[PDB]
Amino acid sequence: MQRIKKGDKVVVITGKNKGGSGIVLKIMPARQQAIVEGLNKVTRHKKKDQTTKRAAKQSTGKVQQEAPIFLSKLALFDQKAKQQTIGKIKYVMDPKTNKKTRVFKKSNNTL
RNA sequence: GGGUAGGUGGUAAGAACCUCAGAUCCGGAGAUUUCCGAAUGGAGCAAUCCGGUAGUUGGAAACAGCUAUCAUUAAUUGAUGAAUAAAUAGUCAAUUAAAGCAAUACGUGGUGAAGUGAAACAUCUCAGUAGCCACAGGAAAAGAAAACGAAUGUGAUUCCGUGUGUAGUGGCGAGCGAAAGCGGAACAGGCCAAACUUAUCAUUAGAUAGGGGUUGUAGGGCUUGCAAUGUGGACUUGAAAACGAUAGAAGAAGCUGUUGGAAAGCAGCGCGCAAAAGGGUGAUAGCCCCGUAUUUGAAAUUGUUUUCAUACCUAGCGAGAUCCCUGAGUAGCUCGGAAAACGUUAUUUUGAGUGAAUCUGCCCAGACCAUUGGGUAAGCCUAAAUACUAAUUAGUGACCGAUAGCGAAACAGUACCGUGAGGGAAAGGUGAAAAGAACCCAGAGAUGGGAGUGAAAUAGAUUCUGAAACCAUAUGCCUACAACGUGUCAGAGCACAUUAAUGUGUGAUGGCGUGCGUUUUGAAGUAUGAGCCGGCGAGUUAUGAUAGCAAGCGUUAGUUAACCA
RNA sequence: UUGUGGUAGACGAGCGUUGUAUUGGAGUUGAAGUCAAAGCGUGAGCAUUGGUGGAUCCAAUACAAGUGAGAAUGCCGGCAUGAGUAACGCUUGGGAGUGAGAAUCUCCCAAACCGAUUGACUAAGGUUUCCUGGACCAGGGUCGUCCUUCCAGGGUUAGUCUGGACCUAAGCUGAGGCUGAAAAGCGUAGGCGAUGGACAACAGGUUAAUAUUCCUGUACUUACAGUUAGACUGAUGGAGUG
RNA sequence: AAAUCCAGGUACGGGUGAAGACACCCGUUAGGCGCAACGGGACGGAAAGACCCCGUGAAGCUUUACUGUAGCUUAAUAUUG
Ligand SMILES: [Mg+2]
Ligand SMILES: [Mg+2]
Ligand SMILES: [Mg+2]
Ligand SMILES: [Mg+2]
Ligand SMILES: [Mg+2]
Ligand SMILES: [Mg+2]
Ligand SMILES: [Mg+2]
Ligand SMILES: [Mg+2]
Ligand SMILES: [Mg+2]
Ligand SMILES: [Mg+2]
Ligand SMILES: [Mg+2]
Ligand SMILES: [Mg+2]
Ligand SMILES: [Mg+2]
Ligand SMILES: [Mg+2]
Ligand SMILES: [Mg+2]
Ligand SMILES: [Mg+2]
Ligand SMILES: [Mg+2]
Ligand SMILES: [Mg+2]
Ligand SMILES: [Mg+2]
Ligand SMILES: [Mg+2]
Ligand SMILES: [Mg+2]
Ligand SMILES: [Mg+2]
Ligand SMILES: [Mg+2]
Ligand SMILES: [Mg+2]
Ligand SMILES: [Mg+2]
Ligand SMILES: [Mg+2]
Ligand SMILES: [Mg+2]
Ligand SMILES: [Mg+2]
Ligand SMILES: [Mg+2]
Ligand SMILES: [Mg+2]
Ligand SMILES: [Mg+2]
Ligand SMILES: [Mg+2]
Ligand SMILES: [Mg+2]
Ligand SMILES: [Mg+2]
Ligand SMILES: [Mg+2]
Ligand SMILES: [Mg+2]
Ligand SMILES: [Mg+2]
Ligand SMILES: [Mg+2]
Ligand SMILES: [Mg+2]
Ligand SMILES: [Mg+2]
Ligand SMILES: [Mg+2]
Ligand SMILES: [Mg+2]
Ligand SMILES: [Mg+2]
Ligand SMILES: [Mg+2]
Ligand SMILES: [Mg+2]
Ligand SMILES: [Mg+2]
Ligand SMILES: [Mg+2]
Ligand SMILES: [Mg+2]
Ligand SMILES: [Mg+2]
Ligand SMILES: [Mg+2]
Ligand SMILES: [Mg+2]
Ligand SMILES: [Mg+2]
Ligand SMILES: [Mg+2]
Ligand SMILES: [Mg+2]
Ligand SMILES: [Mg+2]
Ligand SMILES: [Mg+2]
Ligand SMILES: [Mg+2]
Ligand SMILES: [Mg+2]
Ligand SMILES: [Mg+2]
Ligand SMILES: [Mg+2]
Ligand SMILES: [Mg+2]
């Protein structure tokens with residue numbers, strides 16, 4: 001399975017942004033990146049191009065989007081625990097459904 | 001089958017979809033596989049053209065779709081059948097194999113030079129090398145003594161060390177160079193012909209299909225008995241098990257502060273280890289991530305080994321007879337060549353000719369004869385150790401790091417050159433992240449100057465660092481009566497202030513002064529080589545000999561080579 | 001105390017580069033590289049500081065070398081000198097327009113050369129160079145708003161034309177077969193092979209680009225089937241013509 | 001653009017010198033730098049002299065040079081009575 005999936009809450013443990021909590025919107029496995037909303041906001045200088053029906057307007061000024069972040073800098077956020085902390089996860093397989101599930105190793109919380 | 005939550009191959013954003021009834025992706029097994037190409041229906045200027053036959057569907061037929069088949073050679077079988085009665089030649093049909101390619105590499109065989117060395121050259125060497133051709137194989141070749149060879153001897157072949165640069169062979173010159181023996185790697189021996197016998201062929205068999213036999217301290221057959229039902233194979237089918245190969249699963253351990261754009265660096269306090277190999281993460285991470293040690297797992301295909309059964313092959317010691325068999329245009333011999341270390345010679349081989357004997361036999365022990373001894377030619381097959389790497393997996397390097405390393409880090413045998421065979425380059429790096437510069441000004445625009453992002457824009461796509469030759473700008477000094485290898489020793493004036501040093505920059509003027517390498521008796525040279533700058537560019541390696549120096553071991557010393565772990 | 005010129009040459013002692021092995025050390029508070037400066041050594045050489053640079057490097061003792069560049073009419077790359085020099089490879093003037101910019105582009109009027117040709121149709125070859133619009137990185141021996149250059153789109157219509165589905169010449173290939181150490185060479189029957197033979201379409205119009213091909217008009221030729229009438233049909237071979 | 005180019009700030013007379021000097025010795029002359037000319041010199045440039053000699057170099061050709069050989073011719077022998 002994968003450490004980070006599309007949807008789970010995640011934070012950053014290194015870089016300029018420390019303790020930045022967000023939701024992963026999309027995961028690129030090949031480049032080992034991850035787009036997390038609200039973090040790594042870059043502002044491309046949007047030019048103007050008019051060669052299509054939609055390009056006839058293409059209103060783009062100082063649009064702030066999302067920059068991808070290396071998957072190593074991401075860490076899963078705990079929610080079930082009363083005192084939330086950042087830890088590592090296991091890949092135990094519960095015989096109830098025989099499906100692999102991530103479980104933290106500093107607690108007993110699933111996913 | 002594995003495995004998930006993403007995917008629609010790269011320069012690549014966007015549009016539109018797919019995907020949790022399990023996608024994309026990885027592995028095993030299959031399906032489809034246009035045309036040329038061995039190309040094989042016929043042709044042909046390769047990727048084109050023109051068909052025949054037998055079916056089936058439309059048409060009223062020509063015709064047009066949709067299928068299968070149609071080359072040559074060799075072997076077997078059957079039919080037909082000339083000159084010419086029979087019979088062959090030939091013709092036709094059916095079945096089974098062969099064609100070709102590549103691994104710039106190993107094997108075998110045929111053919112086979114020259115440059116060169118001998119300080120010339122012809123014998124010789126180079127060299128049975130290059131090249132040309134044929135046939136393979138996963139290896140090939142060789143192979144079970146008519147042997148070595150001098151002994152109370154060894155007992156297929158192959159490969160390694162030594163014997164040794166020894167015996168020898170050489171216009172006895174240049175050179176060439178074994179076979180024994182010894183030490184090792186591996187080890188395996190089997191099977192036909194003939195006798196004799198069985199059955200069948202107008203049985204003129206001298207032929208076909210079986211039993212019997214495979215030799216040297218001779219064997220086998222003929223007749224007559226005892227003991228045997230086993231052990232082992234280079235061996236067929238099956239069944240079972242184990243070890244693997246082709247995807248994978250799990251897989252421990254860290255926070256705080258400081259410089260910094262960013263920590264993983266540094267410091268403090270800890271923790272894990274059968275994991276401190278490696279890669280990435282904004283610098284240099286055992287504990288951030290992927291992994292690694294370790295424990296594991298295969299539906300399907302495939303490899304090795306073992307066990308059981310089952311085919312096939314596989315068996316001893318006597319007696320008598322005195323009879324038969326033991327590989328012929330063969331061994332020898334003569335005339336020309338060759339192979340072996342040998343430049344032809346005892347041994348091996350053959351183009352021409354001739355030509356034997358049959359265990360009281362034949363061959364051999366470097367001419368030859370006799371004695372002694374060794375071995376059984378003229379028939380076949382044979383695993384292992386041995387040779388090599390185009391390719392698949394893992395990994396290593398006192399190997400290279402864009403003039404190096406493969407010619408080719410990029411889309412390189414490309415661009416390009418030549419009718420053709422053939423010849424054959426150069427070229428890598430933005431930033432952590434494109435956040436790739438919106439906007440303003442000048443300009444026709446590219447572009448430039450600001451702004452903005454960024455730690456850095458003198459990192460801006462001309463994109464890591466940026467040397468010299470070369471071209472321009474400028475502070476300071478000097479230079480327009482001056483004979484100059486352009487420098488050196490003295491020396492005013494001018495202008496500054498340093499790796500603080502009897503300082504530095506320029507140099508009115510005085511004295512002296514014909515470059516650097518090469519090759520020469522002798523070069524400023526009217527001898528030669530270099531336009532300048534930068535990179536590259538020429539005493540090595542392997543095997544032996546001698547001598548110097550040093551160390552280890554020593555007076556029945558010293559030291560191993562191959563090979564094994 | 002005696003000495004210390006020196007080529008060929010002999011001998012001895014050292015420096016420097018890259019990497020490896022052992023120790024220690026420095027580095028985003030800035031390493032290598034790289035530039036400058038008024039330093040230290042007997043020599044190869046070695047430091048200090050500052051600028052640039054952005055991640056490795058240094059000292060000691062040993063070991064191994066693709067280990068030292070000024071010359072080879074040396075190889076490769078760059079840049080000078082000659083020198084803004086020779087040369088720019090046969091064809092004039094003006095008006096109007098476009099354009100930011102015009103001797104060179106567009107149009108018009110002349111002018112000058114070709115006129116058995118610089119005119120027109122095609123074979124061979126070339127392979128999109130053809131037409132339209134746009135552009136002025138590069139190429140054009142100047143310039144360029146323009147080009148046979150570049151970009152985007154488009155363009156080649158056959159029963160009668162040129163060649164196959166027809167035929168042969170030189171020649172090539174060639175089952176069998178002959179010859180030859182091998183590869184192969186020769187060659188019969190067959191099969192290819194035009195530059196030749198046989199075979200039915202002419203006139204005009206149309207698009208920016210095609211036209212005996214598209215369109216209009218008028219024709220012709222060869223096959224197959226049905227039908228009417230007549231006739232016995234007569235080749236893979238013989239003969240004539242070709 | 002081009003061949004060329006050791007660095008140049010590149011006079012003349014007599015002498016000297018590797019024997020014919022822009023550079024040496026002794027004298028004479030000459031302000032700095034171009035442009036257009038013409039070729040005296042720079043033993044000018046282009047071509048590692050083709051002439052000559054040397055090399056125990058190469059190649060072509062010749063012959064009663066040497067050693068061989070294709071082909072031609074003669075004999076023995078086998079096919080061969
Ligand atoms: Mg599946
Ligand atoms: Mg010779
Ligand atoms: Mg010689
Ligand atoms: Mg010689
Ligand atoms: Mg064999
Ligand atoms: Mg895993
Ligand atoms: Mg882990
Ligand atoms: Mg690490
Ligand atoms: Mg003999
Ligand atoms: Mg020999
Ligand atoms: Mg005997
Ligand atoms: Mg003897
Ligand atoms: Mg015998
Ligand atoms: Mg290269
Ligand atoms: Mg380069
Ligand atoms: Mg070509
Ligand atoms: Mg800028
Ligand atoms: Mg540049
Ligand atoms: Mg740069
Ligand atoms: Mg003066
Ligand atoms: Mg005067
Ligand atoms: Mg003077
Ligand atoms: Mg003077
Ligand atoms: Mg002076
Ligand atoms: Mg002087
Ligand atoms: Mg020198
Ligand atoms: Mg001389
Ligand atoms: Mg001389
Ligand atoms: Mg001179
Ligand atoms: Mg000369
Ligand atoms: Mg010379
Ligand atoms: Mg020169
Ligand atoms: Mg140089
Ligand atoms: Mg010694
Ligand atoms: Mg001396
Ligand atoms: Mg070192
Ligand atoms: Mg520095
Ligand atoms: Mg070198
Ligand atoms: Mg030049
Ligand atoms: Mg110039
Ligand atoms: Mg001139
Ligand atoms: Mg002139
Ligand atoms: Mg001129
Ligand atoms: Mg002209
Ligand atoms: Mg003119
Ligand atoms: Mg005229
Ligand atoms: Mg014309
Ligand atoms: Mg073109
Ligand atoms: Mg045009
Ligand atoms: Mg145009
Ligand atoms: Mg131009
Ligand atoms: Mg028509
Ligand atoms: Mg034809
Ligand atoms: Mg014709
Ligand atoms: Mg036309
Ligand atoms: Mg030039
Ligand atoms: Mg004199
Ligand atoms: Mg000469
Ligand atoms: Mg000679
Ligand atoms: Mg010679
Ligand atoms: Mg004769």
# chains A, B, ... in the order shown; residues from 1 in each chain; ligands from 1
call {"tool": "interface_residues", "arguments": {"of": "chain B", "to": "chain A", "cutoff": "9 Å", "atoms": "only C-alpha atoms (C1' of nucleotides)", "output": "list in words"}}
result
residues 3, 4, 5, 6, 250, 261, 262, 263, 280, 281, 282, 288, 289, 433, 434, 435, 437, 438, 452 and 453 of chain B
call {"tool": "residues_near_ligand", "arguments": {"ligand": "ligand 38", "cutoff": "9 Å", "atoms": "only C-alpha atoms (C1' of nucleotides) and all ligand atoms", "output": "VMD selection string"}}
result
(chain B and resid 537 to 538) or (chain C and resid 66 to 68)
call {"tool": "residues_around", "arguments": {"residues": "region 196-213 of chain C", "least_positions_apart": "3", "cutoff": "8 Å", "atoms": "only C-alpha atoms (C1' of nucleotides)", "output": "ChimeraX atom specification"}}
result
/C:130-132,155-158,160-161,167,216,219-221
call {"tool": "residues_near_ligand", "arguments": {"ligand": "ligand 32", "cutoff": "9 Å", "atoms": "only C-alpha atoms (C1' of nucleotides) and all ligand atoms", "output": "list in words"}}
result
residues 528, 529 and 530 of chain B; 73 of chain C; 5 and 6 of chain D
call {"tool": "residues_near_ligand", "arguments": {"ligand": "ligand 42", "cutoff": "9 Å", "atoms": "only C-alpha atoms (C1' of nucleotides) and all ligand atoms", "output": "VMD selection string"}}
result
(chain C and resid 85 to 86) or (chain D and resid 36)
call {"tool": "write_last_selection", "arguments": {"atoms": "N, CA, C and O atoms (P, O5', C5', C4', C3', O3' and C1' of nucleotides)", "output": "PDB file, in the first residue's frame"}}
result
ATOM      1  P     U C  85      39.036  49.003 -47.195  1.00  0.00           P
ATOM      2  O5'   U C  85      40.026  48.346 -48.254  1.00  0.00           O
ATOM      3  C5'   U C  85      41.396  48.712 -48.307  1.00  0.00           C
ATOM      4  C4'   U C  85      42.258  47.555 -48.743  1.00  0.00           C
ATOM      5  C3'   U C  85      41.732  46.744 -49.915  1.00  0.00           C
ATOM      6  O3'   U C  85      42.049  47.332 -51.164  1.00  0.00           O
ATOM      7  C1'   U C  85      42.467  45.289 -48.182  1.00  0.00           C
ATOM      8  P     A C  86      40.988  47.315 -52.371  1.00  0.00           P
ATOM      9  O5'   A C  86      41.080  45.839 -52.963  1.00  0.00           O
ATOM     10  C5'   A C  86      42.122  45.473 -53.855  1.00  0.00           C
ATOM     11  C4'   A C  86      42.078  44.003 -54.182  1.00  0.00           C
ATOM     12  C3'   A C  86      40.825  43.511 -54.892  1.00  0.00           C
ATOM     13  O3'   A C  86      40.864  43.730 -56.293  1.00  0.00           O
ATOM     14  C1'   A C  86      41.305  42.083 -53.077  1.00  0.00           C
TER      15        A C  86
ATOM     16  P     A D  36      46.076  53.537 -51.064  1.00  0.00           P
ATOM     17  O5'   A D  36      46.557  54.144 -52.453  1.00  0.00           O
ATOM     18  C5'   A D  36      45.720  55.023 -53.186  1.00  0.00           C
ATOM     19  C4'   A D  36      46.460  55.656 -54.335  1.00  0.00           C
ATOM     20  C3'   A D  36      47.328  54.727 -55.165  1.00  0.00           C
ATOM     21  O3'   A D  36      46.581  54.029 -56.144  1.00  0.00           O
ATOM     22  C1'   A D  36      48.526  56.713 -54.643  1.00  0.00           C
TER      23        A D  36
END
call {"tool": "residues_near_ligand", "arguments": {"ligand": "ligand 36", "cutoff": "12 Å", "atoms": "only C-alpha atoms (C1' of nucleotides) and all ligand atoms", "output": "list in words"}}
result
residues 398 of chain B; 16, 17, 18, 19, 20, 21, 57, 58, 59, 60, 61, 62 and 63 of chain C
call {"tool": "select_by_dssp", "arguments": {"residues": "chain A", "states": "strand (DSSP E or B)", "output": "PDB file with C-alpha atoms, in the first residue's frame"}}
result
ATOM      1  CA  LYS A   9      -4.917  14.871   6.581  1.00  0.00           C
ATOM      2  CA  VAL A  10      -1.170  15.511   6.410  1.00  0.00           C
ATOM      3  CA  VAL A  11       1.376  17.960   7.828  1.00  0.00           C
ATOM      4  CA  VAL A  12       4.885  19.100   6.900  1.00  0.00           C
ATOM      5  CA  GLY A  22      -3.705  20.151   5.002  1.00  0.00           C
ATOM      6  CA  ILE A  23      -5.573  17.614   2.898  1.00  0.00           C
ATOM      7  CA  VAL A  24      -3.794  15.831   0.048  1.00  0.00           C
ATOM      8  CA  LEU A  25      -5.703  16.589  -3.149  1.00  0.00           C
ATOM      9  CA  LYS A  26      -3.682  14.405  -5.547  1.00  0.00           C
ATOM     10  CA  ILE A  27      -0.702  12.033  -5.442  1.00  0.00           C
ATOM     11  CA  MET A  28       1.879  11.486  -8.189  1.00  0.00           C
ATOM     12  CA  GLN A  33       5.244  14.345  -4.889  1.00  0.00           C
ATOM     13  CA  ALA A  34       1.914  15.294  -3.313  1.00  0.00           C
ATOM     14  CA  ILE A  35      -0.373  18.295  -3.795  1.00  0.00           C
ATOM     15  CA  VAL A  36      -1.731  19.507  -0.436  1.00  0.00           C
ATOM     16  CA  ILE A  69       5.632  18.757  -2.191  1.00  0.00           C
ATOM     17  CA  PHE A  70       7.997  15.813  -1.757  1.00  0.00           C
ATOM     18  CA  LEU A  74       4.802  14.779   4.679  1.00  0.00           C
ATOM     19  CA  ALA A  75       3.647  13.044   7.855  1.00  0.00           C
ATOM     20  CA  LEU A  76       0.253  11.596   8.736  1.00  0.00           C
ATOM     21  CA  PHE A  77      -1.915  13.471  11.234  1.00  0.00           C
ATOM     22  CA  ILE A  86       2.706  12.869  14.281  1.00  0.00           C
ATOM     23  CA  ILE A  89       2.354   3.761  10.492  1.00  0.00           C
ATOM     24  CA  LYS A  90       2.337  -0.023  10.171  1.00  0.00           C
ATOM     25  CA  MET A  93      -3.704  -7.121   8.204  1.00  0.00           C
ATOM     26  CA  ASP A  94      -6.738  -7.735  10.406  1.00  0.00           C
ATOM     27  CA  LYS A  99      -7.505  -6.208   4.136  1.00  0.00           C
ATOM     28  CA  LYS A 100      -4.301  -4.301   4.839  1.00  0.00           C
ATOM     29  CA  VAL A 103      -1.969   1.572  12.066  1.00  0.00           C
ATOM     30  CA  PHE A 104       0.254   3.964  13.996  1.00  0.00           C
ATOM     31  CA  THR A 110      -6.260   2.701  12.641  1.00  0.00           C
TER      32      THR A 110
END
call {"tool": "residues_near_ligand", "arguments": {"ligand": "ligand 16", "cutoff": "12 Å", "atoms": "only C-alpha atoms (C1' of nucleotides) and all ligand atoms", "output": "number ranges by chain"}}
result
B: 415-420, 422-423
call {"tool": "residues_near_ligand", "arguments": {"ligand": "ligand 8", "cutoff": "12 Å", "atoms": "only C-alpha atoms (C1' of nucleotides) and all ligand atoms", "output": "list in words"}}
result
residues 264, 276, 277, 278, 279, 280, 281, 284, 285, 286, 287, 288, 289, 290 and 291 of chain B
call {"tool": "residues_around", "arguments": {"residues": "residue 67 (chain B)", "least_positions_apart": "3", "cutoff": "12 Å", "atoms": "only C-alpha atoms (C1' of nucleotides)", "output": "NGL selection string"}}
result
:B and (54-57)
call {"tool": "residues_near_ligand", "arguments": {"ligand": "ligand 10", "cutoff": "12 Å", "atoms": "only C-alpha atoms (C1' of nucleotides) and all ligand atoms", "output": "PyMOL selection string"}}
result
chain B and resi 124+127-128+169+176-177+338-344
